[PDB]
Amino acid sequence: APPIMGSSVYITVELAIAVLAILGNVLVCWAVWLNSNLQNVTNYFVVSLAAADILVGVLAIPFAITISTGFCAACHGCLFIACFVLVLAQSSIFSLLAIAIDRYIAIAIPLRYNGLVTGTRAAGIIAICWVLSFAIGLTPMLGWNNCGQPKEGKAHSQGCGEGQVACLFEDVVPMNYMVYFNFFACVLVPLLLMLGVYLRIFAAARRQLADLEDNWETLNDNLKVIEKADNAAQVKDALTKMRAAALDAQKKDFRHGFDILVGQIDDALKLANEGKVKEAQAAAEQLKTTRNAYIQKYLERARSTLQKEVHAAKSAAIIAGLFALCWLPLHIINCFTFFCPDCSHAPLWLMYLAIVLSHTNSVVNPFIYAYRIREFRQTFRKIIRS
Ligand SMILES: CC(C)CCC[C@@H](C)[C@H]1CC[C@H]2[C@@H]3CC=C4C[C@@H](O)CC[C@]4(C)[C@H]3CC[C@]12C
Ligand SMILES: CC(C)CCC[C@@H](C)[C@H]1CC[C@H]2[C@@H]3CC=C4C[C@@H](O)CC[C@]4(C)[C@H]3CC[C@]12C
Ligand SMILES: CC(C)CCC[C@@H](C)[C@H]1CC[C@H]2[C@@H]3CC=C4C[C@@H](O)CC[C@]4(C)[C@H]3CC[C@]12C
Ligand SMILES: CCn1c(=O)c2c(nc(/C=C/c3ccc(OC)c(OC)c3)n2C)n(CC)c1=O
Ligand SMILES: CCCCCCCC/C=C/CCCCCCCC(=O)O
Ligand SMILES: CCCCCCCC/C=C\CCCCCCCC(=O)O
Ligand code: NA
């Protein structure tokens, strides 16, 4: 069948994806610019990622349409339009890795997050990552390319001029670059590191939630021990364990609560050490008002904050996983092309499906934000309504 027919379908689909990638990610960037509740370091990387996806629509997809035609071009110009999308993917990888690391710092050392992770340092990291993304993605332009070995029979059949090639991705970009350097080193390894970071995030959250419930149970158990103690020494033992746990949980109304709690434990220990069991047990009962009025409120808020961090880390992990799902088919096909020269090449229709799927990744993030992050969803609604 005439190539222009299957080309027409591929090109129309690419153009539809480009429209949606631009619209959704412009909306992401507008939301962050407009809403101060969205202006945090994590979202500066979200914006960097949306900018990469805007440029997939504006540049990488027009470039992909162009290179599907095999038009006559100087080999190094052809290289640039072949490789620019690799810059954007690499930038996306760096942004996704930064987001994972940011959430890990927030869950593992929240007390030093704000002093360690600042907007100016984030903006510098983003600049560096964009520079490194150009260096990685345009590495074929530094000489790791097939321009030294042009397919002259294909160029002559297409009437190309002297020094020109039929501009085709696999004719100019070496597959050993695409497989070993781009895929294994620059994509797979960072995705695997991301997986490791998310595992550490969820394990740290699970451990901290378990510790909250353990400290609550230890407090209530030790209250029972005091209630059913039969000498002053048993009361002393349980209170000493209560006091060390209270200080461990201490590091306004909350600090007031902990101040009362530790003070009331000290009151009871003083009576216990004087051998006044009944007086110490009555003093320790006072702890129950402090537990009800203050400590339980601190516990629920800490649990709620941890649960919100788990939810936000799950949202970020979904984004990273969808990047992997959308890009892996094309990379896997490249592995078959490279490692199995006895295998027939994947058919053209499948090449174009895998390319289109990789571009679809630039559409999906605005939807994940809308469905999973209330502050985004509400700002989107306000932008759209107005
Ligand atoms: C600021 C942004 C929008 C600038 C976009 C510039 C783009 C479209 C330019 C920059 C470099 C250009 C390429 C440089 C060299 C060649 C080789 C020539 O034989 C055919 C065209 C081709 C392949 C050009 C295509 C257009 C091109 C990719
Ligand atoms: C979960 C997602 C990431 C997995 C996607 C796996 C896809 C990309 C795999 C599964 C089966 C694979 C195909 C199996 C058989 C062949 C025939 C061979 O002559 C060319 C490669 C080709 C055509 C493979 C291309 C890659 C392929 C289509
Ligand atoms: C998902 C994570 C672990 C990375 C993706 C796994 C990749 C690297 C694996 C998945 C299946 C693998 C392919 C399965 C079958 C073949 C055909 C064989 O003649 C050459 C190797 C080749 C082409 C493999 C290359 C590596 C491969 C593409
Ligand atoms: C991930 C980076 N990458 C790629 O890795 C990639 C690719 N296009 C091809 C392959 C295109 C293709 C293969 C064979 C063809 O004809 C036999 C063909 O004709 C249009 C296109 N590959 C391998 N593109 C799209 C521009 C791409 O972005
Ligand atoms: C092709 C990829 C290989 C690139 C290797 C080049 C090395 C680039 C070095 C990384 C820059 C890291 C930080 C440099 C800026 C200094 C920050 C500061 O002033 O505090
Ligand atoms: C929102 C997406 C907007 C896209 C703007 C540009 C639309 C057309 C895309 C690229 C056109 C590619 C031209 C084809 C190359 C020449 C064909 C040939 O010489 O054989
Ligand atoms: Na992306």
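A.B. asks: Mind showing me how you'd approach the coordination of the sodium ion (ligand 7) here?
C.D. replies: Six octahedral donors at a metal ideally form angles of 90 or 180 degrees, and four tetrahedral donors ideally form angles of 109.5 degrees. The protein atoms that coordinate the sodium ion (ligand 7) are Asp53 (OD) and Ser92 (OG), at distances of 2.4 to 2.6 Å. A residue pair is termed long-range when its members are at least 10 positions apart, and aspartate 53 in helix α2 (residues 41-68) and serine 92 in helix α3 (residues 75-108) qualify at 39 residues. Here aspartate 53 matches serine 92 in class, with each residue buried.

A.B. asks: What's the story with helix α5 (residues 119-137) in this structure? I'm lost.
C.D. replies: Note that an α-helix has 3.6 residues per turn; residues three or four places apart therefore point the same way. The end-to-end C-alpha distance of α5, which contains 19 residues, comes to 26 Å, matching closely the 27 Å that a straight helix rising 1.5 Å per residue would cover. Here α5 has its buried residues at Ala122, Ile126, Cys129, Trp130, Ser133, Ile136 and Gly137. Projected down its long axis, α5 carries its buried residues within an arc of 130 degrees, all on one side. The outward face of α5, more than 90 degrees from its buried face, is lined by the exposed residues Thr120 and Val131. Those residues of α5 that are buried lie in contact with α2, α3 and α8 (175-227).

A.B. asks: Can you walk me through the site of ligand 3 in this structure?
C.D. replies: The local shell around ligand 3 consists of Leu188, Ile332, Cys335, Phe336, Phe339 and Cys340. Protein burial of ligand 3: of its 620 Å² of free accessible surface, 48% is covered by the chains. The element best represented in the shell around ligand 3 is helix α12 (residues 287-339), accounting for 4 residues. Classifying every residue of the shell around ligand 3 by side-chain character gives 6 nonpolar, no polar and no charged.

Definitions and cut-offs
- Residues numbered from 1 in each chain as written, not as in the entry; some residues may be left out.
- Chains lettered and ligands numbered in written order.
- Heavy atoms only, no water.
- Residues with missing side-chain atoms left out of burial classes, pairs and counts.
- Donors = N, O, S within 2.8 Å, 3.2 Å for Na, K, Ca; no water.
- Helix = DSSP H or I, 4+ residues; strand = E, 2+ residues; numbered from the N terminus.
- Buried < 20%, exposed > 50% of the residue type's maximum accessible area, 1.4 Å probe, protein only.
- Expected span 1.5 Å × (residues − 1).
- Arc of directions from axis to C-beta.
- Contact = heavy atoms within 4.5 Å.
- Near = heavy atom within 4 Å.
- Areas by Shrake-Rupley, 256 points an atom, 1.4 Å probe, with all protein chains shown as cover.
- Nonpolar A, V, L, I, M, F, W, Y, C, P; charged D, E, K, R; others polar.

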